[PDB]
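S.K.: Below: one structure in structure tokens.
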Amino acid sequence: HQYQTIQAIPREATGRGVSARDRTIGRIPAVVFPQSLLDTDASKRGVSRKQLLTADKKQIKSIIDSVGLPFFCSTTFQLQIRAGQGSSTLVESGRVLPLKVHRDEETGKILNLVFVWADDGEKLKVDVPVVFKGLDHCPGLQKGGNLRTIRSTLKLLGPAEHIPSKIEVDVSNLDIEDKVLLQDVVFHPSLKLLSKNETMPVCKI
Amino acid sequence: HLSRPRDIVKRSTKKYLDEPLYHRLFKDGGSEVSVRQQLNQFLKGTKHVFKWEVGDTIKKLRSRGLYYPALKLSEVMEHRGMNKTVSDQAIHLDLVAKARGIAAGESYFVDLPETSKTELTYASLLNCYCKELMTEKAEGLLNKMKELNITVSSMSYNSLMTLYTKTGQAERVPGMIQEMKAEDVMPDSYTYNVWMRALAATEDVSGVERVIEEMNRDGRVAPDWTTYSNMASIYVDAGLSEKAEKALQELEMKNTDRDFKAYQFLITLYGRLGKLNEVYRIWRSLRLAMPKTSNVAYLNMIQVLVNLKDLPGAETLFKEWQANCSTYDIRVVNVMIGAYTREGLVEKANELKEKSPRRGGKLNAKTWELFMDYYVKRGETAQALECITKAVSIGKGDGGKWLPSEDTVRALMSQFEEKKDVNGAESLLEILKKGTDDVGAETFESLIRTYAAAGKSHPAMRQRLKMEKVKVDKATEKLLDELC
RNA sequence: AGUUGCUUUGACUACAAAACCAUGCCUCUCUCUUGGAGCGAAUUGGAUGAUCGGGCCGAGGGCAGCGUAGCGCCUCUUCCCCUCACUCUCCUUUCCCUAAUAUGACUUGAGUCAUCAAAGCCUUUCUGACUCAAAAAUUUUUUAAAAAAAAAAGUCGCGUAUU
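Chains 1W and 1t, in that order, give the protein sequences.
If you read the first sequence in the deposited numbering, its first letter stands for residue 31, the second for the next number, and so on.
If you read the second sequence in the deposited numbering, its first letter stands for residue 5, the second for the next number, and so on.
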């Protein structure tokens, strides 16, 4: 299957004690909103569907063990909101792009979730870490060179439908002292960057 | 401090108990057996207690319906040297009437001294009369109090009004409220509650709008969530919806102490209205008010959800109750048992029936009643027989005897008529004979014709005189005396 | 005859709330002991956007010393941390308010009022729970028969793909 579906439960009581009690139960507080609420201008702050959520610990941990921790902000999901736990009735539904987890540095338990609606045709900025494939087969790496990881994330601006969850490059064709620029990175032609690329590669041997 | 010198923390451990008595008596659980065992173990000890400690213990034991251990503790501690006052004698009189009956309470009141026969004892005996529904002796106490000029409190008038409401003479309440207003007695909130209930029982919905405005005019009574519970019940039974929602939202505002019964009232009132989103709105507040939720809230919630047709929500609530239950409550099973027999998914109901007694829930009678409901809907009669036998073998859970419903008995006998199952009819009649000594309204009076298959029994109208002088329809004896 | 028992022991706290409609199967199936959802504040947060300032990495030509690879000097802005606005959805420390903390609000000033067989033992007898004795039930093994056994759930961890 292609994408994941996140089941959510509404919230009406907000606070530190209520949050700690929901975590005592095993429910993690969260929010969903459009991007227009995040603009500095109240003129561009339009009709915002800001809404409070709570999420299931087992489902969140299952998704995290499935997809990986630092890649979470890149991939999108399908949010389904229902009145009660396991209800046969739904309130709303849609697609969402996450940007923020909260986790304690001691145990790593999820504390807060921040969610942005990702409707059809929405243009969203996103920061995507890159994936290097073909390490074991790189001739520069085999002959004595090392692959210096230069840049981690790249800025992408485009539709909600076609944001990649990960950025892949091909480094199996590089000998020693060889580099591949960001313009040679395989990505969608309708996708824009808004990044200062200049004379900088993603990798170098 | 000087206000309370007999402190329970700083007291001696050689003379007194190490923990309070109302904490000690509930160590092993709230069950009757464990409370009795704790009391027996305590009365044999050499540690002592305070008089206020015993008083609060009596109140806590009374607040959960534990009347026999409360009476036993009161009698033994009075016998050991703790002198009853007038208030304690009123409480002990009520406890005697609660445990050994009103005939014992009357003897205790007679054996009370004359200077102890004051307004507290009179009001306690009046309440123990009205709770046992003896109108003639009630009024015989009333005219004696009015003759002796004993101060009649508002509690006595509310007890009489609740007696009137329960007996069926609910028209006397509007006269009585003006009587107690003429005799310079201020009312409480329960006075308005029973006034509202009697007015709604008199088929007068428009009268409950002039009482709420009068108590708003009074300004002396505090409105409480029980008032809005009465308003919500009356309006929901009357079919009005928006006024019921206003009453219930005021009820939610008035519930500042997070009362479990109040939350149960919200759940059942919003379920009987039918609004699923606010049912879950109150439910999440209930889970935010108690993390280890008892089985009673689940019993209300899942029944509300299945009466509002949310079956996978009920199925997930079942798993939550399974993963967090300490006592395997059988009523929780029996809600969705009847659900799965009503919507016909009988294999999962049978699976729950099989798996309940292993996990620790023995079958009561209502599960078998729901399964014989399923079998009488689907037409199988032998399995209905096998269900009703186990149902009457189990009996009721309070010590009663289980009796099948008249409509189900009538339908089962109409099913017996077609297949000419005379053996099944005889077994059902024997079961009803064991159940009840009467056995007849429509059970066999027009139902001799199930014998119209091959021959008939010997006695020729003499068996039908045996079971306490039944009378049959005029069109029933013709095929009887035709075959003699 | 001498010892040990028979030899009294307690309370004093001022308190009628025990009268309830909903669903109802014994509806608290067992609640002893849980801080707040205040539209309440101060440091901190930040789901947000730029300016100013400072500070790495790095990018080239080079002045520079080799047959690839250099040591100081020289043109640069991404990136981080501040700063000014928006800002209450997660987090830390406090303060106010509410709830809770067992009721209510001089005469033991050397007393008044109860108790005065407790603790054991032996016969019955009503009602519950447990061990079961053993049989009928289902799985495996052995040769339709004979031996031993679980059934129902939660939790952790591993490797692997079906909307």
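No residue lacks a Cβ here, since even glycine has one placed at the ideal position from N, Cα and C.
(1) What is the DSSP secondary structure of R133 (chain 1W), counted as helix, strand or coil?
(2) With DSSP as the reference, please indicate the residues paired to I140 (chain 1W) in a beta bridge.
(3) I need the straight-line Cα distance from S450 (chain 1t) to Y344 (chain 1t), nearest angstrom please.
(4) Which same chain residues, not among the five before or five after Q81 (chain 1W), have their C-beta less than 6 angstroms away from its C-beta?
(5) Is any beta-carbon of chain 1t found at less than 8 angstroms from that of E42 (chain 1W)?
(6) Can you name the start and end residues of the alpha helix (DSSP H) that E324 (chain 1t) belongs to?
(7) For chain 1t, check one thing: does any of its Cβ atoms lie closer than 8 angstroms to the Cβ of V126 (chain 1W)?
(8) Output the distance between the C-alpha atoms of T155 (chain 1t) and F264 (chain 1t), rounded to the nearest integer angstrom.
(9) For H5 (chain 1t), is the beta carbon positioned less than 7 angstroms from some heavy atom of the ligand MG?
(10) Cβ of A38 (chain 1W) within 8 angstroms of Cβ of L129 (chain 1W)?
(11) Kindly say whether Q37 (chain 1W), judged by its beta-carbon, lies nearer than 8 angstroms to any beta-carbon of chain 1t.
(12) Can you name the start and end residues of the beta strand (DSSP E) that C233 (chain 1W) belongs to?
(13) Could you check what DSSP says for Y20 (chain 1t) in three-state terms: helix, strand or coil?
(14) Using a Cβ cut-off of 7 angstroms, pull out every chain 1W residue sitting near residue 491 (chain 1t), in sequence order please.
(15) Using CA atoms only, rank isn't needed, just tell me which of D192 (chain 1t), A204 (chain 1t), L21 (chain 1t) and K150 (chain 1t) is closest to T169 (chain 1t).
(16) In whole angstroms, give me the CA-to-CA distance for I216 (chain 1t) and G172 (chain 1t).
(17) Starting from the C-beta of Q65 (chain 1W), find all residues in its chain whose C-beta is less than 7 angstroms away, skip the five residues before and the five after it, and write them out in chain order.
(18) Throw me the rounded Cβ distance for the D98 (chain 1t) and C132 (chain 1t) pair, which I believe falls under 8 angstroms.
(19) Can you give me the Cβ contacts of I180 (chain 1W) inside the same chain, cut-off strictly under 8 angstroms, excluding the 5 residues immediately before and after it?
(20) Measure the alpha-carbon distance for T272 (chain 1t) versus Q253 (chain 1t) and round it to whole angstroms.
(21) Between which residues of its own chain and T166 (chain 1t) is the CB-CB distance below 8 angstroms, once the five residues before and five after are set aside?
(22) I need the DSSP call for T125 (chain 1t), collapsed to helix, strand or coil.
(23) Restricting to Cα atoms, I'd like to know which of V339 (chain 1t), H462 (chain 1t) and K437 (chain 1t) is closest to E472 (chain 1t).
(24) Tell me the rounded alpha-carbon separation between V161 (chain 1W) and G114 (chain 1W).
(25) For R51 (chain 1W), return the contacting residues in chain 1t, with the cut-off set at a CB-CB distance below 8 angstroms.
(26) Would you identify the three-state DSSP class for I111 (chain 1W), choosing helix, strand or coil?
(27) Which first and last residues belong to the beta strand (DSSP E) in which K209 (chain 1W) is found?
(28) Can you look up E122 (chain 1W) in the DSSP assignment and give me helix, strand or coil?
(29) Under DSSP, the alpha helix (DSSP H) around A293 (chain 1t) begins and ends at which residues?
(30) Whole angstroms are fine: how far does the CA of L244 (chain 1t) sit from the CA of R41 (chain 1W)?
(31) Is it true that the CB of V53 (chain 1t) sits closer than 8 angstroms to the CB of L21 (chain 1t)?
(32) Since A415 (chain 1t) contacts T454 (chain 1t) with CB under 8 angstroms, what's their CB separation in whole angstroms?
(33) Taking DSSP as the reference, what is the three-state secondary structure of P159 (chain 1W)?
(34) Is the CB-CB distance between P316 (chain 1t) and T54 (chain 1W) below 8 angstroms?
(35) Cβ of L270 (chain 1t) within 8 angstroms of Cβ of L280 (chain 1t)?
(36) Per the DSSP calculation, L186 (chain 1W) is bridged to which residue(s)?
M.R.: Let's see:
(1) Three-state result, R133 (chain 1W): strand.
(2) BP columns for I140 (chain 1W) point to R133 (chain 1W).
(3) Rounded to whole angstroms, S450 (chain 1t) to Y344 (chain 1t) spans 35 angstroms at the Cα level.
(4) Take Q81 (chain 1W), set aside five residues on each side of it, and the residues of its chain with a beta-carbon closer than 6 angstroms to its own are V62, in chain order.
(5) Using a CB distance cut-off of 8 angstroms, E42 (chain 1W) counts as an interface residue toward chain 1t.
(6) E324 (chain 1t) -> alpha helix (DSSP H) spans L315 to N328.
(7) No, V126 (chain 1W) does not count as interfacial toward chain 1t.
(8) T155 (chain 1t) and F264 (chain 1t) have their C-alpha atoms roughly 36 angstroms apart.
(9) Looking at this structure, you won't find the ligand MG or any other ligand, since it has none at all.
(10) No, the Cβ-Cβ distance between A38 (chain 1W) and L129 (chain 1W) is not below 8 angstroms.
(11) Taking Cβ atoms only, chain 1t never reaches closer than 8 angstroms to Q37 (chain 1W), which makes this a no.
(12) If you look at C233 (chain 1W), you'll find it in the beta strand (DSSP E) that goes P231 to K234.
(13) The answer is strand: DSSP assigns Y20 (chain 1t) an E or B state.
(14) In the structure as shown, chain 1t begins at 5 and stops at 488. Residue 491 (chain 1t) is therefore absent and cannot be evaluated.
(15) Distance from the Cα of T169 (chain 1t) is smallest, within the candidate group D192 (chain 1t), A204 (chain 1t), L21 (chain 1t) and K150 (chain 1t), for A204 (chain 1t).
(16) Each residue's Cα considered, the two are about 24 angstroms apart.
(17) The answer, listed in chain order, is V146 and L154.
(18) Contact check for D98 (chain 1t) and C132 (chain 1t): beta-carbon distance about 6 angstroms, within the 8 angstroms limit, so the pair qualifies.
(19) In chain order, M230, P231, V232, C233 and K234 place their CB closer than 8 angstroms to the CB of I180 (chain 1W), counting only its own chain and leaving out the 5 sequence neighbours on each side.
(20) Cα to Cα, the separation comes out at about 14 angstroms.
(21) Excluding sequence neighbours, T166 (chain 1t) sits near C134 and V198.
(22) Assignment of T125 (chain 1t) by DSSP, reduced to helix, strand and coil, places it in the helix class.
(23) Minimum Cα distance to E472 (chain 1t) is reached at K437 (chain 1t).
(24) Straight-line Cα distance between these residues: approximately 39 angstroms.
(25) At a beta-carbon threshold of 8 angstroms, the residues of chain 1t lying near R51 (chain 1W) are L292 and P295, ordered along the chain.
(26) Note: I111 (chain 1W) maps to strand in three-state DSSP.
(27) Where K209 (chain 1W) is concerned, the enclosing beta strand (DSSP E) starts and stops at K209 to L211.
(28) If DSSP states are grouped into helix, strand and coil, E122 (chain 1W) belongs with the strands.
(29) Where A293 (chain 1t) is concerned, the enclosing alpha helix (DSSP H) starts and stops at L280 to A293.
(30) Straight-line spacing of the CA atoms in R41 (chain 1W) and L244 (chain 1t) works out to 29 angstroms.
(31) It is a contact, given that the beta carbons lie within the stated cut-off.
(32) With a contact defined as Cβ atoms closer than 8 angstroms, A415 (chain 1t) and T454 (chain 1t) miss out at about 14 angstroms.
(33) It is a strand residue.
(34) One thing to note: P316 (chain 1t) has its Cβ no nearer than 8 angstroms to the Cβ of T54 (chain 1W).
(35) It is not a contact, given that the beta carbons lie outside the stated cut-off.
(36) DSSP lists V156 (chain 1W) as the bridge partner or partners of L186 (chain 1W).
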